[PDB]
Protein chains: 2
Amino acid sequence: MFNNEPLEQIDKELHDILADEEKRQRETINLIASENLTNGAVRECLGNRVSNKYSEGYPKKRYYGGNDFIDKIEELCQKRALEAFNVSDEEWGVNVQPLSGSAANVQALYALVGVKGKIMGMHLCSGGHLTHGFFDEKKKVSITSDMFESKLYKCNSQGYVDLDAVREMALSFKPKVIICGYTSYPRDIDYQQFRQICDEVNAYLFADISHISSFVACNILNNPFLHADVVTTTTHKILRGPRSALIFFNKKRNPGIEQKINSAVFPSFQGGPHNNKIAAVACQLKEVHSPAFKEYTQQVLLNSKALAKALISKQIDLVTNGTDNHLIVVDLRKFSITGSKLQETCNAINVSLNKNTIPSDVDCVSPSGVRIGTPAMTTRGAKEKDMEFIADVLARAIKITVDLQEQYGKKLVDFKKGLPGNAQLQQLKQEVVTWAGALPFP
Amino acid sequence: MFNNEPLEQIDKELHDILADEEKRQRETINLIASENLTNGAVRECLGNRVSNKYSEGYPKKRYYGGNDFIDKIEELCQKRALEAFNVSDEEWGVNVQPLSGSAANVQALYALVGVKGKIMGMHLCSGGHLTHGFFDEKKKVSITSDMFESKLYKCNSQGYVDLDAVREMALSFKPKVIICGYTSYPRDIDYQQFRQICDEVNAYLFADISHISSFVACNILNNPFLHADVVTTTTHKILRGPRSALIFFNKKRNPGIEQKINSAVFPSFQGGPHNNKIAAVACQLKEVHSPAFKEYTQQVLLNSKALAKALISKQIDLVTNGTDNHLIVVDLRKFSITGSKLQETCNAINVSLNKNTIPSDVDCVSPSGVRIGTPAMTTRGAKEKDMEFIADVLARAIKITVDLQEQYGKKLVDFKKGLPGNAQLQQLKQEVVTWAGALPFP
Ligand SMILES: Cc1[nH]nc2c1[C@](c1cc(C#N)cc(-c3cccc(F)c3)c1)(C1CCC1)C(C#N)=C(N)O2
Ligand SMILES: Cc1[nH]nc2c1[C@](c1cc(C#N)cc(-c3cccc(F)c3)c1)(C1CCC1)C(C#N)=C(N)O2
Ligand SMILES: Cc1ncc(COP(=O)(O)O)c(CNCC(=O)O)c1O
Ligand SMILES: Cc1ncc(COP(=O)(O)O)c(CNCC(=O)O)c1O
Ligand SMILES: [Cl-]
């Protein structure tokens, strides 16, 4: 007693929008640093009947029965997880149930510090994530600043984490967790120095490596597992998995942490796990361990260097004047345009990127930068030589943005009337669609 | 630069376990009251590329661009949602972003009461959910008893919500939220009398209808929307959607609530929505609005009535001696066997059900009942006449459970040893597999 008609027939209206999304993705130069494209196998797992099953609890420790095949799936996933991040089942454990990065962080921070607990994170306007304790002058914007008591550190004038400021605050404010690992940070992290600062205050060291996860697994960037108590990562960004998250925990440094983390996830915060997610992670984490994935991650960094370089050759400024990872933050000051304006211009030419603060920005009000990243385009086949064109396109978009602003004024609503039907943007869009359209597409 | 070979070739090891999960599901009599089977269209949406997309914020209020198609998807889902539950765009709003039931409840409760706010829910051992404020002597098990301050009401001696006890407690405790709508409750709910209790204290009325959602939509059971400030529901149980949830909020009774709830979800708790979930939810909600779905939901209740009646005819007791809904709680005291044992016996014969408390239990390690439900089997095509067989199988399992206990003792470790290789269970299993295996299967 059900309807087994294909999606096309049963719900034409939805299928049509979906058919469109797919075309927008196919015909876009996607530079959203946090985005990627899943392969067909990952998507088969996501659409698998394994999500019919309720599986509250942990393997061999379920509330319901008939969970043996589910238990294998979850245990496979924990195993492939620890292997990928080059850690022994004996020193580290992982929880693979968190539905997403924000959930994982909240769950893991609660596990460590409880309600009214003290945490330190990087400010959002400086490149920290919302769940690193974000609050405003007027509001406790993230639960992490409300259920916890948080203090936020900043970057210096050159766009680097000010470790000396981290220390001043940590001794003065006395957190039980210090979070490092960022949403928008173009450079590698000195985890050793974080590990040393925590020790003077007795704090835990939390590394959120969602943006650089593949670099960590592939031994291309600094290893946080060498120093940290907890490591979290989403599975969907550079890692190229489904939308999900991982919590890693150092048993050796902390006996009692395993049950603390597993209990935080369920039953404090979550109910039934989404087993299709757990399955999709398994599928991808296997791909991750292969030398082919190491190729890809290397290719990611090469494109990112070639891109930063090409932009500089076009006299465009970058925060920290470079990148060690997959992401670049462009500084727009020398052109007197905002990131929102350029975001608007890139939107019109099928170039996806986002506005972003620079140190010299007082508030999150008027971002002076844009964040671009190379994982999505690398997946689609772009090589170092293709970074020229992309840089060429962003330079052209910046120039058009500067022209439109002189014509239509400083206010965004005013600025925005220039875009529709602009001969230059339509020519540029066409160049983009034409190049993007024919790129390999999972 | 990716690997696009089918799941079978790419990760055969996973494909096997998954193929096994599928066979186990097809060959099981599934009586888990919270379980169902999604159609193929819902699973095409779960594995659609729409989840490649970052979409933080709300439609026409996104942080990133390129989100016009996503916006069309999310607005369609809010629209199909409000109508399915027969409420006006103008009086009710809905948030469709919560990743799961537990997240939805925690988010919605946060929105209404804040950190350290007072809430009232049904005890777990009585039939409330974990997120309704559950705690233990010595341990705050759910975040809902830690981030909030909670008190837990119980059912009376006959298995009914003791409304008088609710009032005595509420007036003493002075909560800002009283939650009704339960995990294991075989009877309908008097929302009007709950509305009246809240009014005497000025608390909000929270209705979690995850288990009965279709009944409410189809105008078969009482309407919580008539009386409630907030209604949550999962989309995966009787509603037959993906693993997701909805928060409903009454704007007409509460100006301001719409921002309070939307902001609770993001950016307080969540980051990027899972657009594949949202797409899948939209797809199912369309189906929910057809009269074919009203028929299915009627069939659920008919089956549940027939099953209760058949069990009664076999001299098995039911908490409240019947059901108004999709689920039955069997009281096993007259056979002196625990739910744990029967669950074990049912596991051995491919009959999925779970242990459950009865009023006369006080502790939760001793449960004297089992919960069964009819949505899954109804989906698979079983009609009233089939409920006899299902009752006959359950009676036979109870019988074998009594016999194995007299042979092996009252301790579960010992009891279990009687199960493997038992001539009667293997006989019963085959009858189950042969009937189950051949039933319609989405
Ligand atoms: C949208 C989002 N999610 N998590 C983020 C952000 C992100 C962000 C940018 C902007 C802007 N403009 C605004 C927000 C934001 C999101 C919610 C509430 C709020 F007050 C601000 C968040 C964007 C820009 C790059 C990522 C950010 C920053 N800066 C960081 N570090 O973290
Ligand atoms: C697993 C789960 N999640 N939410 C629930 C339960 C459920 C439950 C049953 C049993 C039993 N026996 C034990 C638990 C449970 C789950 C987590 C922690 C805990 F202390 C207890 C939870 C289910 C299993 C049968 C009904 C329940 C009840 N009773 C209610 N009302 O709510
Ligand atoms: C460092 C970090 N941690 C956690 C998350 C949260 O993941 P979910 O959205 O899956 O909750 C993000 C998301 N960052 C979004 C972006 O950079 O575009 C992140 O950048
Ligand atoms: C009252 C109630 N609310 C919410 C949920 C579900 O939350 P998740 O989607 O996070 O699992 C349940 C599921 N209860 C599981 C069961 O009855 O079997 C529930 O019983
Ligand atoms: Cl999903």
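Within each chain the first residue of the written sequence is number 1 and the count goes on from 1 in that order, possibly differing from the entry; residues lacking coordinates are omitted. All chains are assigned letters beginning with A, and all ligands numbers beginning with 1, in the order in which they are written. Side-chain measures here rest on the full set of heavy atoms in the structure, leaving out hydrogens and waters.

Q: Looking at this structure, how should I read the pattern of salt bridges?
A: Opposite charge on two side chains allows them to pair when their charged atoms are near. Residues and elements named next belong to chain B. We define a salt bridge as a side-chain nitrogen of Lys or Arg found within 4 Å of a carboxyl oxygen belonging to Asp or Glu. All told, the structure shown has 45 salt bridges over all chains when counted by the stated rule. We note a salt bridge from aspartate 71 to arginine 62, for which the minimum N-O separation is 2.7 Å. For the pair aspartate 71 and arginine 62, one class covers both residues: buried. Counted as one network, the salt bridges with shared partners bring together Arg195, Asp199, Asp229 and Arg253. Relative accessibility decides the category of a residue: with a 1.4 Å probe and only protein chains considered, values under 20% of the type maximum give buried, values over 50% give exposed, and everything between is partly exposed.

Q: Hey, could you run me through the site of ligand 1 in this one?
A: Proximity criterion: a residue is near a molecule or strand once any of its heavy atoms comes within 4 Å of it. What surrounds ligand 1 is a group of 15 residues, the closest being A:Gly128, A:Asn354, A:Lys355, B:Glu56 and B:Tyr64. Residue neighbours of ligand 1 fall on chains A and B, so the site bridges chains. Throughout this description, a polar contact denotes any pair of N or O atoms lying within 3.5 Å of each other; where both atoms belong to protein, one of them has to be capable of donating a hydrogen while the other can accept it, and for residues adjacent in sequence the pair is counted only when both atoms sit in side chains. At a separation of 3.2 Å, a nitrogen atom of ligand 1 approaches a polar backbone atom of A:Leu124. In short, Shrake-Rupley with a 1.4 Å probe defines the accessible areas, and a residue's cover is counted only from the protein chains shown. Here ligand 1, which alone exposes 610 Å², has 90% of that area covered by the protein. Top contributing element to the shell around ligand 1 by residue count: strand β14 (residues 354-356) of chain A, with three residues. Following the grouping adopted for this structure description, the nonpolar residues are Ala, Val, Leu, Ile, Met, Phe, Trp, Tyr, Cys and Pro, the charged ones are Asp, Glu, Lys and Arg, and the polar ones are all others, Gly among them. Here the shell around ligand 1 is composed, by residue class, of six nonpolar, six polar and three charged. Helix numbering and strand numbering both begin at the N terminus, where a helix is a DSSP run of H or I of at least 4 residues and a strand a DSSP run of E of at least 2.

Q: Explain the UniProt feature "binding site: pyridoxal 5'-phosphate 2" (unreviewed entry) in chain A to me, please; I cannot follow it from the model alone.
A: Residue and element names in this part refer to chain A. Under the present numbering, the feature "binding site: pyridoxal 5'-phosphate 2" (unreviewed entry) in UniProt falls on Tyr54, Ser100, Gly101, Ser102, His129, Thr183 and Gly272. Across 219 residues, the annotated set is spatially dispersed, with a maximum C-alpha separation of 33.0 Å. Along the polypeptide, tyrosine 54 turns up in the loop between α3 (40-46) and β2 (57-58). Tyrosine 54 sits in the buried class, given a relative accessible area of 9%. UniProt positions are given in the numbering used here, feature names are shortened, and annotations may be inferred rather than shown by experiment.

Q: When you look at the sheet that holds strand β15 (residues 369-373) of chain A in this model, what are you seeing that I'm missing?
A: Neighbouring strands of a sheet are bound in pairs by backbone hydrogen bonds; such pairs are parallel or else antiparallel. Residues and elements named next belong to chain A. Two strands make a pair as long as DSSP finds a minimum of two bridges between them. Taken in spatial order, the four strands make up an open sheet running β11-β12-β15-β14, and their pairing is antiparallel. In this open sheet, the two edge strands, each paired with only one partner strand, are β11 (317-318) and β14. Summarising the sheet, strand β12 (residues 327-331) and β15 pair through five bridges and their orientation is antiparallel. Opposite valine 329, over in β15, you have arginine 371 as the bridge partner. Throughout, a contact is declared for two residues whenever any of their heavy atoms are within 4.5 Å. Throughout, an axis means a line fitted to C-alpha atoms (over the contacting stretch in the case of helices), and angles, computed between N-to-C directions, take values from 0 to 180 degrees. The strands touched by helix α12 (residues 291-313) are β11, β12 and β15; relative to β12, the strand with the most contacts, the crossing angle is about 15 degrees.

Q: Explanation requested: the interface of chain B and chain A in the structure shown.
A: Contacts between the two partners involve 96 residues from chain B, matched on the other side by 100 residues from chain A. Between chain B and chain A lies a buried interface of about 8,800 Å² when both sides are counted; carbon and sulfur atoms form 55% of it. In terms of surface lost to chain A, no three residues of chain B exceed B:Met1, B:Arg49 and B:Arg243, which account for 11% of the buried area on that side. There are six salt bridges connecting chain B and chain A. One salt bridge connects A:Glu22 with B:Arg49, and the closest N-O pair in it is separated by 3.3 Å. Among the elements that take part in the side of chain B that touches chain A, helix α2 (residues 12-26) of chain B stands out by supplying nine residues, more than any other. When two parts are put together, the accessible area they lose, computed with a 1.4 Å probe and summed over both, is reported as buried area.

Q: What is the right way to look at the site of ligand 4 in this model?
A: If you check the shell around ligand 4, you find 20 residues, and the closest are A:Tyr54, B:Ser34, B:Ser102, B:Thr183 and B:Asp208. Among the chains of the assembly, those with residues near ligand 4 are chains A and B. Within the side chain of A:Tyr54, a nitrogen or oxygen atom sits 2.6 Å from an oxygen atom of ligand 4. In this structure, B:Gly101 approaches ligand 4 through a main-chain N or O atom, which is 3.1 Å from an oxygen atom. For ligand 4, whose unbound accessible area comes to 480 Å², protein coverage reaches 99%. Looking at the shell around ligand 4, the element that brings in the most residues is helix α5 (residues 101-113) of chain B, giving three residues.

Q: What's the story with the environment of A:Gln343 in this structure? I'm lost.
A: Of note, A:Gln343 is situated in helix α13 (residues 339-348). Along the chain, A:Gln343 and A:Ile398 lie 55 residues apart, while their C-alpha atoms are 9.9 Å from each other. For A:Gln343, the residues in contact, after removing those within four places along its chain, are A:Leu353, A:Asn354, A:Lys355, B:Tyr63, B:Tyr64 and B:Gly65.

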